[PDB]
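Going letter by letter, the sequence shown gives residues 88 to 340 in UniProt numbering. Please read the structure below before turning to the comments.
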Amino acid sequence: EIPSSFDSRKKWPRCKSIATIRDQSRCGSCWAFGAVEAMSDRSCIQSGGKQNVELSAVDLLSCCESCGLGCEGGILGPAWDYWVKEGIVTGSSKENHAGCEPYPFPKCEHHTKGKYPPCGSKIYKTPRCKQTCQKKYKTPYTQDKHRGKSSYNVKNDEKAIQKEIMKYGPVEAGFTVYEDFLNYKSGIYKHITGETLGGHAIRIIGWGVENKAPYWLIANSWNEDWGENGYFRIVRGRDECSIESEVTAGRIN
Ligand SMILES: *[C@@H](C(=O)N[C@H](C(=O)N1CCC[C@H]1C(=O)O)[C@@H](C)CC)[C@H](O)C(=O)NCCC
Numbered sequence: 088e089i090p091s092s093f094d095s096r097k098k099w100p101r102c103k104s105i106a107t108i109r110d111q112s113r114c115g116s117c118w119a120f121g122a123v124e125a126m127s128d129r130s131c132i133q134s135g136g137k138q139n140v141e142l143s144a145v146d147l148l149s150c151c152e153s154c155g156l157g158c159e160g161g162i163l164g165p166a167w168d169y170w171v172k173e174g175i176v177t178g179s180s181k182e183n184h185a186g187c188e189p190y191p192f193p194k195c196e197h198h199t200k201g202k203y204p205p206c207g208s209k210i211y212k213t214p215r216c217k218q219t220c221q222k223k224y225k226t227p228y229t230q231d232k233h234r235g236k237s238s239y240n241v242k243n244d245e246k247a248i249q250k251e252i253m254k255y256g257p258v259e260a261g262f263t264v265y266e267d268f269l270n271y272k273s274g275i276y277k278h279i280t281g282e283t284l285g286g287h288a289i290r291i292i293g294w295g296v297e298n299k300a301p302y303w304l305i306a307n308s309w310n311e312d313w314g315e316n317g318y319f320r321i322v323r324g325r326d327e328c329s330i331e332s333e334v335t336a337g338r339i340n
């Protein structure tokens with residue numbers, strides 16, 4: 088039976104990644120962020136907390152040849168296939184500089200007010216695939232790789248998505264991003280105004296209902312100043328902006 092609400096941060100609080108919001112910076116790497124966040128969560132959840140890792144967004148973004156155009160956007164299935172086949176090393180944000188390959192780009196404000204420099208309009212070029220851990224990290228790159236066993240698309244059915252998240256952990260999901268999404272501050276989003284800006288990829292961590300209105304609870308990769316402390320909610324059950332139609336995940340065992 089599916090509960091009225093679910094929050095992965097509450098089910099698996101030993102796994103620090105689940106409540107961590109990241110910042111993709113001035114790069115169209117949402118595809119890689121939703122992937123390594125949900126892979127970090129699932130590596131911990133599915134290993135009973137043995138793997139406590141923050142997986143490197145830059146390793147996936149820079150080294151997966153089949154995942155698309157890097158800082159110009161990517162593709163979800165091949166990202167999870169790369170995790171299964173090649174694996175991904177560890178790496179934190181630029182500012183924290185922990186792990187094998189921390190992210191090279193700084194935090195910035197994405198279409199919203201706050202204390203970080205504005206992201207502005209320029210996009211960085213995709214970083215090179217360097218295959219080298221930072222000097223202080225004393226595991227060689229190939230030996231820091233964490234690999235999945237399987238990956239898959241989740242059925243485009245609300246209950247199937249809920250069951251998947253509650254049993255196996257947060258999922259990555261794509262949706263169509265329209266101009267009014269870049270004005271989101273709080274609440275339950277639905278597309279009302281603006282034209283399409285293409286696809287966006289995020290991490291669904293749970294669901295809930297407020298004033299009879301059902302929603303998905305989602306982490307964006309635009310830092311903690313955007314939205315509801317980095318999260319947003321979106322209508323659930325009506326394939327709003329195709330949110331139930333592009334769900335991808337995988338398992339380590
Ligand atoms: C998703 C992605 O990264 N989208 C972009 C984005 O979020 N950016 C680009 C610059 C910084 C950040 C921003 O706008 O603040 C942008 C196109 C959203 C409007 C990426 O394009 C992707 O991989 N999409 C396909 C997912 C299946």
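Idealized CB from N, CA, C, for every residue including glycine.
For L304, the pairing in a beta bridge is given by DSSP as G293 and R320. Taking C-alpha positions only, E259 is separated from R109 by approximately 14 Å. With 16 or more other Cβ atoms from the protein chains shown falling within 10 Å of its own Cβ, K194 counts as buried. Per DSSP, the unbroken beta strand (DSSP E) holding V264 starts and ends at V258 to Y265.
Between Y190 and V145, the beta carbon gap of about 5 Å places them in contact (Cβ cut-off 8 Å).
In this structure, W170 sits near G337, with a CB-CB distance shorter than 8 Å. Between ligand 1 and the CB of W167, the shortest heavy atom gap is not smaller than 7 Å. Counting only runs of at least 4 residues, the stretch 109 to 170 fully encloses the following alpha helix (DSSP H) elements, listed from N- to C-terminal order: 117 to 133 and 144 to 150. Taking a C-beta distance under 8 Å as the contact criterion, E182 and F262 do not qualify as a contact pair. Between the alpha carbons of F192 and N240 lies a gap of roughly 30 Å. Not one heavy atom of ligand 1 falls within 7 Å of the beta-carbon of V322.
Remark: C-beta atoms of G201 and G160 do not approach each other more closely than 8 Å. Per DSSP, the unbroken alpha helix (DSSP H) holding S95 starts and ends at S95 to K98. The alpha carbon of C328 has as its nearest neighbour, out of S91, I339 and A288, the alpha carbon of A288.
Nearest to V296 by C-alpha distance, out of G324, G164 and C220, is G324.
Taking 7 Å as the cut-off, the C-beta of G157 does not count as close to any heavy atom of ligand 1. For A106, there is no enclosing beta strand (DSSP E), as DSSP gives it neither H nor E. Between ligand 1 and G281, a heavy atom-to-CB distance of less than 7 Å is absent. With a beta-carbon spacing of about 23 Å, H184 and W313 fall beyond the 8 Å limit used to define contacts.
Contact check for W303 against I321 passes: the beta carbons are separated by less than 8 Å. If you draw a straight line from the Cα of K212 to the Cα of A119, it comes to about 15 Å.
The three-state secondary structure of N240, taken from DSSP, is strand. Residue range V334 to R338 is occupied by the beta strand (DSSP E) that includes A336, with no alpha helix (DSSP H) assigned at that position.
In the assembly as shown, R215 is an exposed residue. Its beta-carbon has fewer than 16 other beta-carbons within 10 Å. Note on geometry: alpha-carbon atoms of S134 and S273 lie some 34 Å from one another.
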